[PDB]
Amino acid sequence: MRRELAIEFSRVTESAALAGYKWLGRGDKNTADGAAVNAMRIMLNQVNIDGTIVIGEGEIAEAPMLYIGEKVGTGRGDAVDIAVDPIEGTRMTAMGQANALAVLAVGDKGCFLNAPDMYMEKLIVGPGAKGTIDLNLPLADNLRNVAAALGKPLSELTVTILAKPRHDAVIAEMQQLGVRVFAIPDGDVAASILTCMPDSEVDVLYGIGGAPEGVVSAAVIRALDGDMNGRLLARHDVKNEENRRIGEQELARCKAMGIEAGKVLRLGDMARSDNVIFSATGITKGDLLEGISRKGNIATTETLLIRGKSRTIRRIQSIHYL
């Protein structure tokens, strides 16, 4: 009867996407965010769940809505963990650029790792390479094992990774290795799912991104029967002295939370059961989803709707009579 809620959750990302779409090309990241946050909360508060925000906009001091620990839903139905990413791609919404989307994941109570807002090294693959990765092994070793599971030469293997200065050395190493490297400007949530889409060239995601985004990836990767490892990393091992100010408070938040940074998290350490509903609606067109189009009174959305308990991946094209 939680599968009965799947449609309800797709309405939540549809509303959030449409609200961020109103601010497309308007040069205001905060107002576009606020609109999508606003709309996602409103909509969640009408769904029959007793949700706790486990991944969200920030702590209450910084985020007055969808803060970590916030209760959402009507309070009927199951106690559920909630992960929200109201706009994945806020900069691009403000700039009228590709790859903005609205994201939500719902799991069993206690399903999502409560990671602090810090960096996480990620390594993600699809179903055909499940059980063949380990971040305790060298990258090159990992890529070779993945290429063999996928049954392709290493030179064909496609690794997507965030285009950031921290990734220069590893990009040079992968290229030197003969791997194809898709260095993306955006963010790593949508990109991780490509590892599981047969029609994407992307086989693997590797690299350092946000820890909360990582758990959202872990939940959908789990639902899609792929694989992932992560590793939490404090700021000064990634990007100093202002970086160890903000980086020692990340390990402080870790210790009293209570997990250890620097240790390898397996898929099951991040997403703990298979009972995940994942919904994502495109705002602008990207690799995963089409964008919103509006011709006067009618808007269209595409939503990817994934349920862990099952044998079906849905793409829902909705025509909205605004």
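Numbering starts at 1 and runs along the sequence shown. Throughout, rigid core stands for the largest set of C-alpha atoms superposing within 1.5 Å between the two forms.
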query	finding
Between stretches 128 to 136 and 198 to 206, more displaced by Cα RMS in 4 other deposited structures of this protein (rigid core superposition)	198 to 206
Greater Cα displacement in 4 other deposited structures of this protein once the core is superposed, comparing 225 to 233 with 169 to 177	169 to 177
Unmodelled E241 in at least one third of other entries with both flanks present	yes
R311 coordinate gap across at least a third of other entries	yes
Chain break class for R166 to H167, judged by how many deposited residues have no coordinates	none
Per the entry, higher mean C-alpha B factor between 88 to 96 and 247 to 255	247 to 255
Selected stretch [higher average CA B-factor]: 59 to 67 or 283 to 291	59 to 67
Residue of maximum C-alpha B factor among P185, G207, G214, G126, per deposited coordinates	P185
Residue selected from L154, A219, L101, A83 by maximal Cα B factor	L154
Modelled-residue ranking by C-alpha temperature factor, third containing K309	highest
Position of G296 among the chain's modelled residues by C-alpha B-factor, lowest, middle or highest third	highest
Position of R41 among the chain's modelled residues by C-alpha B-factor, lowest, middle or highest third	lowest
Relative C-alpha B-factor of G107, binned into the chain's lowest, middle or highest third	lowest
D274 - which third its CA temperature factor falls in, relative to the rest of the chain	middle
